[PDB]
Structure formats: structure tokens, C-alpha cells
């Protein structure tokens, strides 16, 4: 259709991020989590969008089982992440959170990924501090939208809006290519914080 339910939240099947020139299709969706004293709680609804052509860049995976694709060392993750097409994630907050803890968690997770790949130099460290600082003054209540748009492979346009509206302008830009790739790896990599979104995406490509 034109609208899909992700955790009873409406996600459009097609979407142009703020200030973008290109219509992106909904490839997969899922959720991310949080915990309180080991109890698992649903934190956000996620939708992963990309230029329709991403399907053709990944033709070679057609007809493989989804379970093959998401398995470690399959190679699919990196080819998904590196597909030379525009991509975006739309996040809809399910459990409200202050902006500092969210930005610090993001920083922590992106650092871990960059460190684990020997890519965490002073440039990446500064870019992450400034990303965390962007979020620190905001509150992210239930229903808030966060859009990350990979307009170029080395850049991420970050935009935010209240429930019911998409953002009109870009609020923040990530200018570091390694951070930009780490942010995609956060959602689509072997150690993804959202296995459900990755499983949804792989299904969509394999079929």
C-alpha cells in the first residue's frame, strides 16, 4: 500500500527526507530496544528507506534465504551498507527519553564500532562529541520523529519533528564519512541494535 504499520505507527511506503531530491522506498522496518534492570522494553519504531534501485545493486542475493543474509560473515551487511544509493532511517520514539542520554548512547555505540575497526581517530572523536551535543538540549518524547538521511555516503542529514509531521528542514549534519558509515552499521551491520529491521530488509532483498 501507501502506509505500513510498524509497532502500530504509520510509516509511509515512499518518502523524501527534508531537503532531499530523491524519493526513497521503504525497504524494511523493525524496532530498537532499551532495558530497565534487565527488563527488555521496546524503545523506537524504525523504518529503513533507500532508492528503489538498491534492489538491483544487490541482485546477487536474490533467491538466498533471509537467514543466510543476516548471518555473520555472510558479506551481505557490508554490501547493503555500501550500496551507492541514498538511504534514510526514520525513527519514531515509543518510550520517551531525554536528549542527553540518547545522544550519549549513540556516541557510545558509534565509538565502539569505530574503535573495533581501528577508525577512531581525533576527527571521528570530535564529530561524535558534537553529535552528542546536538541532542543534549532536546527532549525526545513519545511520538518524536528522528530522520537520518545518507544523502552522500560521507554525510548524514539529521532532522527532527513532532508526532504527526515530518521535519521541514535539516537540524544537524554529520560531515564525517567514518561516523556516517558507523551509523549505518549501527542499524544494518552484523552487530545491529535492530535485528528485526535487518531481518525485514534482507527478506525484502532476497524476494
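Residue numbers count along the first chain shown, from 1.
Of 12 to 20 and 181 to 189, the stretch whose C-alpha atoms average the higher B-factor in the entry: Comparing 12 to 20 with 181 to 189, the higher average CA B-factor belongs to 12 to 20.
Look up the CA B-factors in the entry and say which stretch, 158 to 166 or 30 to 38, has the higher mean. So the stretch with the higher mean C-alpha B-factor is 158 to 166.
Whose C-alpha has the highest temperature factor in the PDB entry: 173, 66, 44, 139? In this record, 66 carries the highest C-alpha B-factor of the candidates.
Please place residue 151 in the lowest, middle or highest third of its chain by C-alpha B factor as given in the entry. Within its chain, residue 151 is a highest-third residue by C-alpha B-factor, going by the deposited values.
Compared with the other modelled residues in the chain, in which third is the CA B-factor of residue 74? Top third by C-alpha B-factor.
Taking the chain's C-alpha temperature factors as the reference, tell me which third residue 121 falls into: lowest, middle or highest. According to the entry, residue 121 has a C-alpha B-factor in the chain's highest third.
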